[PDB]
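One structure below.
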Amino acid sequence: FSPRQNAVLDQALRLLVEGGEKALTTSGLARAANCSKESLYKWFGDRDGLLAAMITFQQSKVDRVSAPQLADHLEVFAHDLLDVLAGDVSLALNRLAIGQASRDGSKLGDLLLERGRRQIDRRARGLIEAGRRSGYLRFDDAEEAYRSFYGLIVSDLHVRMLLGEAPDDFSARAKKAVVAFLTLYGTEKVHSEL
Amino acid sequence: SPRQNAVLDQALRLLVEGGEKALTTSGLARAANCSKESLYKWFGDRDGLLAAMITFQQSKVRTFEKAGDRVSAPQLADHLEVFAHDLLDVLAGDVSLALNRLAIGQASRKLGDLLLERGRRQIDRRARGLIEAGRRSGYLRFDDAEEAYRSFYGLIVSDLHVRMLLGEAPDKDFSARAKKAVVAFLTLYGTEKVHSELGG
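Those protein sequences? They're chains A and B, same order as listed. Residues 11 to 72, 80 to 185, 187 to 212 in UniProt numbering are what the first sequence lists, from first letter to last. Residues 12 to 120, 124 to 214 in UniProt numbering are what the second sequence lists, from first letter to last.
Pasting the structure below:
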């Protein structure tokens with residue numbers, strides 16, 4: 011997107027964080043962003059295209082290592098992840114998609130399951146593969162290793178925050195999760211080097 | 012009460028089927044054959060109705076078995092797998108998902127605290143009971159018991175509860191997931207005794 015297209019998506023996000031779903035309309039967006047209803051329609055298409063673009067916009071903001086670098090990158094990842102999940106945009110997008118879901122989900126729900134954490138997940142994959150390549154980590158399947166790491170870092174905190182609980187010291191948490199993750203997937207080489 | 016329960020069953024039903032949107036004072040008047048002003052003297056207001064739905068459901072949940080003072084290593088391992096699978100199954104329940112969805116949509120400016131404070135108490139007491147039994151028996155070591163449960167929970171569930179809440183149907187492999195989460199949990203907190211005993 012352009013810097014101006016970017017400005018508009020930022021308005022759309024802000025509308026949703028501030029005034030919920032009621033506020034997120036084409037007209038409210040046209041008014042908030044001082045953009046013709048008409049340009050919104052050609053830039054993003056329908057309501058679904060806008061929601062999609064909003065999610066990719068919010069994505070925009072997201080070889081070999083030593084053992085200390087690995088541990089440290091992994092800790093930075095976990096801290097950044099928690100910061101994202103605790104953030105008001107992420108909480109608002111997920112609350113909207115979840116709040117409106119039935120047994121059958123919702124369209125916004127589809128979009129977040131598809132693209133809502135793409136750049137985070139890619140960063141995790143990259144880091145975990147480098148760790149494996151450098152002989153520091155051993156696992157049969159990178160998806161499974163990442164599933165474990167995510168669970169260790171987050172546990173039930175995302176749901177709890179979605180329900181209105183004020184977050185947990188993310189730095190301490192990121193530390194603890196990386197120690198557990200290296201116990202499960204860490205190689206003799208990573209432990210003897212650290 | 013007899014009538015109040017039948018009504019709340021309709022409200023739970025509407026919620027699973029159409030989400031928060033479908034749970035309207037008139038929708039529920041239609042579904043359960045009651046008055047809209049009858050709904051008022053039963054449950055106070057809209058916000059009180061939502062709470063009675065949450066506490067009505069919380070009433071019908073599976074009561075878990077008091078974890079025995081002491082266990083063998085195979086008993087411990089077995090109990091922990093059954094627990095993990097029970098957890099997944101409770102999270103994947105249609106009513107539980109629908110109530111969580113409802114409470115999540117409200118949370119962005124009291125319903126959340128009800129699930130937060132009371133929603134998982136029986137599950138949580140089960141897990142701590144088990145983890146305590148494992149510790150007592152010399153099979154688990156940890157600095158902090160709640161942190162051990164924290165790790166176990168994240169290992170069993172990872173992001174699956176959030177995905178399901180968003181509308182993703184679960185994979186039908188809870189059994190395999192529970193086994194995997196128990197292997198990981200025992201690596202983290204298992205003592206030499208638990209491993210050499212499970213190793214016959």
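Heads up, the beta-carbon is just placed ideally off N, CA and C, and yes, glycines get one too.
> Quick one, which residues of the region 169 to 180 of chain A are near chain B if we go by CB-CB under 7 Å, in chain order?
Replying inline: With the criterion set as a beta carbon lying under 7 Å from some beta carbon of chain B, the members of the region 169 to 180 of chain A are 169, 171, 172, 173, 175, 176, 177, 179, 180, in sequence order.
> For the candidate residues B:83, B:106, B:177, whose alpha-carbon lies nearest to that of residue 112 of chain A?
Replying inline: Ranking B:83, B:106, B:177 by Cα distance to residue 112 of chain A puts B:177 first.
> Alpha carbon to alpha carbon, what distance is there between residue 192 of chain B and residue 146 of chain B?
Replying inline: Residue 192 of chain B has its alpha-carbon roughly 19 Å from the corresponding atom of residue 146 of chain B.
>> Quick test of the definition: if touching needs 3 or more C-beta pairs under 8 Å, does the region 121 to 133 of chain A touch the region 38 to 51 of chain B?
In response: No, they do not touch.
> When the Cα of residue 139 of chain B is compared with those of B:197, B:44, B:98, B:169, which residue comes out closest?
Replying inline: Nearest in C-alpha terms to residue 139 of chain B, of all of B:197, B:44, B:98, B:169, is B:98.
> Which two residues bound the contiguous alpha helix (DSSP H) that contains residue 52 of chain B?
Replying inline: Unbroken alpha helix (DSSP H) run through residue 52 of chain B: 47 to 54.
>> Between residue 195 of chain B and residue 166 of chain B, how many whole angstroms is the CB-CB distance? I'm expecting something under 8 Å.
In response: Contact between residue 195 of chain B and residue 166 of chain B holds: CB atoms are separated by about 7 Å, below the 8 Å threshold.
>> Would residue 123 of chain B pass as an interface residue toward chain A - the criterion being a Cβ-Cβ separation below 9 Å?
In response: Coordinates for residue 123 of chain B are absent, as chain B skips straight from 120 to 124.
> Roughly how many whole angstroms lie between the Cα atoms of residue 114 of chain B and residue 80 of chain A?
Replying inline: So the alpha carbons of these two residues sit roughly 45 Å apart.
> Would you call the CB atoms of residue 246 of chain B and residue 172 of chain B closer than 9 Å?
Replying inline: A question about residue 246 of chain B goes unanswered here, because the residues of chain B that appear run from 12 up to 214.
> When the Cα atoms are used, what is the spatial distance from residue 202 of chain A to residue 203 of chain B?
Replying inline: Those two C-alpha atoms are separated by around 11 Å.
> What residues of chain B sit near residue 142 of chain A, judged by a beta carbon separation below 8 Å?
Replying inline: Contact annotation for residue 142 of chain A against chain B: no contact, minimum CB-CB distance about 15 Å [criterion: below 8 Å].
>> So, for residue 47 of chain A: in the same chain, excluding its five sequence neighbours on each side, which residues have a beta-carbon less than 8 Å away from its beta-carbon?
In response: Around residue 47 of chain A: 36, 37, 40.
> For residue 135 of chain B, is the classification buried or exposed, using 16 other Cβ atoms within 10 angstroms of its Cβ as the cut-off for buried?
Replying inline: By the neighbour-count definition (other C-beta atoms within 10 Å, threshold 16), residue 135 of chain B is an exposed residue.
>> Do residue 68 of chain A and residue 110 of chain A have their beta-carbon atoms positioned less than 9 Å apart in this structure?
In response: Yes, the Cβ-Cβ distance between residue 110 of chain A and residue 68 of chain A is below 9 Å.
> When the cut-off is 9 Å and only beta carbons count, does residue 150 of chain B lie next to chain A?
Replying inline: No, because no Cβ of chain A sits closer than 9 Å to the Cβ of residue 150 of chain B.
> Since residue 206 of chain B meets chain A, which of its residues come closer than 9 Å, beta carbon to beta carbon?
Replying inline: Those do not exist, as residue 206 of chain B stays about 15 Å from chain A at its closest Cβ, beyond 9 Å.
> Anyone know if the C-beta pair for residue 211 of chain A and residue 103 of chain A falls short of 9 Å?
Replying inline: No. Outside cutoff.
>> Could you compute how far the alpha carbon of residue 25 of chain A sits from the alpha carbon of residue 14 of chain A?
In response: Whole-angstrom Cα-Cα distance: 17 Å.
>> Which of the three DSSP states is assigned to residue 119 of chain A in this structure?
In response: The answer is strand: DSSP assigns residue 119 of chain A an E or B state.
>> Can you list, in chain order, the residues of its chain with a C-beta nearer than 8 Å to that of residue 159 of chain B? Leave out the 5 residues immediately preceding and following it.
In response: Closer than 8 Å at the Cβ level, and outside the excluded window around residue 159 of chain B, lie 142, 145, 146, 149.
> Which partner residues does residue 204 of chain A have in the DSSP bridge list?
Replying inline: Note: residue 204 of chain A sits in a beta bridge opposite A:154.
>> Can you tell me whether residue 111 of chain B is helix, strand or coil according to DSSP?
In response: Residue state, collapsed to three classes: helix.
>> Here's the rule I'm using: 16 or more other beta-carbon atoms within 10 Å means buried, otherwise exposed. How should residue 164 of chain B be labelled?
In response: Using a 10 angstroms sphere on the CB of residue 164 of chain B, the tally of other CB atoms reaches 16 or more, which defines it as buried.
> Using a Cβ cut-off of 7 Å, which residues of the region 94 to 123 of chain A contact any Cβ in chain B, in chain order?
Replying inline: Answer in chain order: 109, 112, 114, 115, 116, 117, 118, 119, 120, 121, 122, 123.
> List, in order along the chain, the chain A residues whose C-beta lies closer than 9 Å to that of residue 167 of chain B?
Replying inline: Going along chain A in sequence order, the residues near residue 167 of chain B (Cβ under 9 Å) are 168, 172, 173.
>> With a threshold of 9 Å between beta-carbons, can residue 127 of chain B be considered close to chain A, or not?
In response: So, interface residue.
>> For residue 23 of chain B and residue 64 of chain B, which I take to be in contact (beta-carbon distance under 8 Å), what is that distance rounded to the nearest angstrom?
In response: Going by Cβ atoms, the distance from residue 23 of chain B to residue 64 of chain B rounds to 6 Å, so yes, they are a contact pair.
> With a CB to CB cut of under 7 Å and the five nearest residues on each side skipped, what residues in its chain are close to residue 34 of chain A?
Replying inline: Residues 22, 25, 26 of the same chain have their beta carbon placed closer than 7 Å to that of residue 34 of chain A, with the five preceding and five following residues left out of the count.
>> Which same chain residues end up closer than 6 Å to residue 82 of chain A when comparing Cβ atoms and leaving out the 5 residues on each side of it in sequence?
In response: Same-chain partners within the cutoff: 147, 151.
> Counting only runs that start and end within the UniProt domain "HTH tetR-type" (12 to 72) of chain B, where is the alpha helix (DSSP H) found for 4 or more residues in a row?
Replying inline: Here the runs fully enclosed are 13 to 33, 36 to 43, 47 to 54, 57 to 69.
> Leaving out the 5 sequence neighbours to the left and right, which residues in its chain are closer than 6 Å to residue 31 of chain B when beta-carbon positions are compared?
Replying inline: Excluding positions up to five away in sequence, the list reads 113, 116.
> Going along chain A, which residues have a C-beta under 8 Å from residue 198 of chain B?
Replying inline: Within chain A, the residues near residue 198 of chain B are 165, 202.
>> Any beta carbon of chain B sitting closer than 9 Å to that of residue 161 of chain A?
In response: Taking CB atoms only, residue 161 of chain A has a neighbour in chain B less than 9 Å away.
> If you count every other CB in all the chains shown that lies within 10 Å of the CB of residue 183 of chain A, and 16 or more means buried, which is it?
Replying inline: It is exposed - the Cβ of residue 183 of chain A has fewer than 16 other Cβ atoms within 10 Å.
>> For the ligand ATP, is there any heavy atom lying closer than 8 Å to the beta carbon of residue 12 of chain A?
In response: This structure simply doesn't include the ligand ATP, nor any ligand for that matter.
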